[PDB]
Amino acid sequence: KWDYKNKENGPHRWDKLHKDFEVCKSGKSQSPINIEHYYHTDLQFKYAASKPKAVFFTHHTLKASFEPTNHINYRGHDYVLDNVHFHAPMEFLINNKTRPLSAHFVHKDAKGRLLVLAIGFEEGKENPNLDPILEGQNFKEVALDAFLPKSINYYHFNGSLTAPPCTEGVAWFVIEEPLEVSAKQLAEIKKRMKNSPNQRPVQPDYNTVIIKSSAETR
């Protein structure tokens, strides 16, 4: 049972717990990393009001799953949202800028490739998109179509899962725009993960090629 704690099952010792998990140690394109040097420079969305198929804290974090009806298109391939989960703190560093929460929209295409999306949260206003996840027969829909800023700066690169098995072949898009969140929610969420911090330390970057581009979500 791998964990994020400072002991033996910790992030630094993940490869020597299971053997599929060597990649947490042997990989060169491991996520997360500190994004500070990048190059400035085809994304489509099928996000809609969706009922989470399930909501739960799992494998050390809180997570919401989804019916395979909501998609993202990249390179002419629909990737399917399974779930979106949370990390506190934010796993990814943006030019040494830190946020108290991020969220990962995890997707998969027909070939098999994963495409995940990360965005930051800054402390602030009460964020109404969070309640149906915090609320987990008659499941209330979640506003996937209203979650992200209409205008978004993203960073895109090739990386890894940030929790075991640290599988590679993941397309990372990380948004520079933060989603504001009131502090009562943050405290409430940090504790739905057992007041235990689920952030992987920055992994080695061996000059990951990153693009900065922009898009309109809706």
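A residue's number is simply how far along the shown sequence it sits, counting from 1.
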item	value
Other entries omitting residue 137, at least a third	yes
Coordinates lacking for residue 8, a third or more of other entries	yes
Missing from the model but present in the deposited sequence, between residue 41 and residue 42	4 to 9
Residues with no coordinates between residue 136 and residue 137, taken from the deposited sequence as a class	4 to 9
Higher-scoring stretch by recorded Cα B factor average, 191 to 199 or 21 to 29	191 to 199
Stretch with the greater mean C-alpha B-factor as recorded in the entry, comparing 108 to 116 against 127 to 135	127 to 135
Top Cα B factor in the deposited entry, candidates 162, 69, 34, 153	34
CA B-factor ranking of residue 5, expressed as a third of its chain	highest
Third of the chain, ranked by Cα B-factor, where residue 95 sits	highest
Assigned third (lowest, middle, highest) for the C-alpha B factor of residue 53	lowest
Record-listed C-alpha B factor of residue 186: chain third	middle
Ranked C-alpha temperature factor of residue 171 among modelled chain residues, by third	lowest
